[PDB]
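Here is what each chain is made of, one letter per residue.
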Amino acid sequence: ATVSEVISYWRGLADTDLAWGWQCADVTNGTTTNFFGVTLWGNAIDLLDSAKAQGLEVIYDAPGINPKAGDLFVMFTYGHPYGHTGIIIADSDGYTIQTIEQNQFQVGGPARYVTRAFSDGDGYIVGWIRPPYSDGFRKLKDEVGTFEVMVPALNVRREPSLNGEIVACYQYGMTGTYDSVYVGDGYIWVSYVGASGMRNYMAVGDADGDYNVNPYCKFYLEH
C-alpha cells in the first residue's frame, strides 16, 4: 500500500456510515489489518508495543523527532487509561500535527480532521507506527462460548456480511456470550441475541475456509 492510498482513504471518510465495510474499526489496527494484513492487539495505548512485537517500525516522540505523513500516532490520555490514536496526514514541524481521528458504541466513531499540539489538556503524543508503505454466509456450528475482544475496536452487525448494519462497536477487553458461529465474506463470525432482543453478528477473524487464520478475539467454551 502507498501513503497516498491510505491518506486518501481516510480523507474520503473524513470528508463525509452504519454500512462501513471494515470489521476492525479503529484508525490504527483498522489500517494495519486492512491495508497491510498485520493485526495488532490491545488498547490504543498498547499499540506501539504490539506493533514492535509484529515487526513494524515504531518511533518514540523526542526533541527533533517528528512524525511524517502516513504515520499512526499513539497518545497517552489523562481522562481514561485507554489512550488515543489517529493517522498523521502531513509532515509535522514538531509543534502541531495534522490528523484524521475518530470521535454499545464504545469506540470507532465517525472520522474527522484534527490539528493538535504534542501535549494538551487531553494527553500527549507518545510515538507513532510507520507502516511499511510501498511503491454469502452460512451457519458453521451451534456453540456455547464466550468471546474476549483483543483488538482496539470491533464492529457488531445485524447480518454476517461485509456491510451489514452496524449496531455496536466493542472495545478491547469486552467479553460476552455467543451461541453460534458463522462464515461469510472472508470472516469468521460469532452470533448472539443482543439486549435489543435481535440477533447480532461480530467478525472475529479473517477466514481461510472455515479456519480463523487471523483472530480478533479469544474464544472460550463452556466446561
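Reading the values: rules and limits
Residue numbers count from 1 along every chain, following the sequence as written rather than necessarily the entry numbering; any residue without coordinates is not displayed. Side-chain measures were taken over the full set of non-hydrogen atoms in the model, leaving aside hydrogen atoms and water. Nonpolar cores are built from buried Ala, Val, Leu, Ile, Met, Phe, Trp, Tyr and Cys residues. Side-chain atoms within 4.5 Å join them into one set. Exposure classes here rest on a 1.4 Å probe applied to the protein chains alone. A residue is buried below 20% of its type maximum, exposed above 50%, and partly exposed in between. Helix and strand assignments come from DSSP, with helices taken as H or I runs of at least 4 residues and strands as E runs of at least 2, each series counted from the N terminus. Domain start and stop positions are those given by an automatic or database domain assignment. Note on contacts: a residue pair qualifies if any of its non-hydrogen atoms lie within 4.5 Å across the two residues. Two rings belonging to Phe, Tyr or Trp (six-membered ring only in the last case) form a pair when the distance between their centres is within 6.5 Å. Interplanar angles under 30 degrees mark stacking, angles over 60 mark edge-to-face geometry, and anything in between is tilted. Simply put, the buried area is the total loss of 1.4 Å probe accessible area from both parts when two parts are fitted together. What qualifies as a polar contact is a pair of N or O atoms within 3.5 Å, subject to a donor-acceptor requirement within protein and to the restriction that residues adjacent in sequence count only when both atoms come from side chains. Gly is put with the polar residues, along with every residue not named as nonpolar or charged; the nonpolar set is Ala, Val, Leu, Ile, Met, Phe, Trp, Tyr, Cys and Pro, and the charged set is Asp, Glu, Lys and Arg. A pair of strands counts as paired when DSSP detects no fewer than two bridges linking them.

The protein chain goes by Phage-associated cell wall hydrolase in the PDB entry, where it is assigned to Streptococcus pyogenes MGAS5005.

**Considerations on the nonpolar core**
Across soluble globular proteins, you tend to see nonpolar side chains buried next to one another. Grouped together as the largest cluster of nonpolar side chains are 28 residues, with contacts concentrated most on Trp-10, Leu-40, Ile-87, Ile-100 and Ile-129. Contributions of two or more residues to this core are made by α1 (3–15), α2 (28–36), α3 (47–53), β2 (72–77) and β9 (166–171). Ranked by the residues each element gives to this core, the list is headed by α1, at four residues. Residue assignment places this core across two domains, with domain 1 (1–136) and domain 2 (137–223) each supplying three or more. Not counting residues up to four positions away in its chain, the partners in contact with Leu-40 are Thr-28, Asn-29, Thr-32, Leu-47, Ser-50, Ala-51, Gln-54, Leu-56, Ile-129, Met-150, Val-151 and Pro-152. Counting residues in hydrophobic clusters, the runner-up holds 25 residues, among them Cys-24, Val-167, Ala-203 and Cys-217.

**Here we look at the packing of aromatic side chains**
Considering all chains together, one arrives at 15 aromatic pairs under this definition. Consider the rings of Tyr-182 and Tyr-201, whose centres lie 5.2 Å apart with planes at 80°: the pair is edge-to-face. Of this pair, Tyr-182 sits in strand β10 (residues 175–184) while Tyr-201 sits in strand β12 (residues 199–208), placing them 19 residues apart in sequence. Considered together, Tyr-182 and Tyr-201 belong to a single accessibility category, that of buried residues. A ring pair is formed by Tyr-187 and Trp-189, whose centres lie 6.3 Å apart and whose planes are at 80°; its orientation type is edge-to-face. Grouping residues by exposure puts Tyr-187 and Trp-189 together as buried. In textbook terms, an aromatic cluster arises when at least three aromatic residues are bridged by ring pairs, as seen for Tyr-9, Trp-10, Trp-20, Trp-22 and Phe-35.

**Quick word on the domain arrangement of the protein chain**
When the domains of the protein chain are assigned, the result is domain 1 (1–136) and domain 2 (137–223). Between domain 1 and domain 2, the C-alpha centre-to-centre distance is 24 Å. Around 2400 Å² of area is buried between domain 1 and domain 2 when both sides are counted, 53% of it from carbon and sulfur atoms. On the surface where domain 1 and domain 2 come into contact, there are 16 residue pairs in polar contact. In terms of residue count, α2 provides more of the side of domain 1 that touches domain 2 than any other element does, three residues in total. In terms of residue class, the side of domain 1 that touches domain 2 is made up of twelve nonpolar, twelve polar and two charged.

**Re the environment of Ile-188**
Within the fold, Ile-188 resides in strand β11 (residues 187–193). Under the relative-accessibility criterion, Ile-188 is labelled buried at 6%. Spatially, the C-alpha atoms of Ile-188 and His-223 are 23 Å apart, while their sequence positions differ by 35 residues. Those residues in contact with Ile-188 that lie beyond four places of it in its chain are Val-181, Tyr-182, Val-183, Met-202, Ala-203, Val-204, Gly-205, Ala-207, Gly-209, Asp-210, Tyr-211 and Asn-212.

**Some remarks on the pairing of strand β3 (residues 84–88)**
With respect to burial, β3 is a largely interior element, five of its five residues being buried. Note: β2 against β3, four bridges, orientation antiparallel. Looking at the pairing, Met-75 lines up with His-84 of β3. A loop of six residues connects β2 with β3, the two strands running antiparallel in sequence, and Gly-83 in this loop sits at a positive phi of about 80°. Note: β3 against strand β4 (residues 97–102), two bridges, orientation antiparallel. Residue pairing across strands places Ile-88 opposite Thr-99, the latter belonging to β4.

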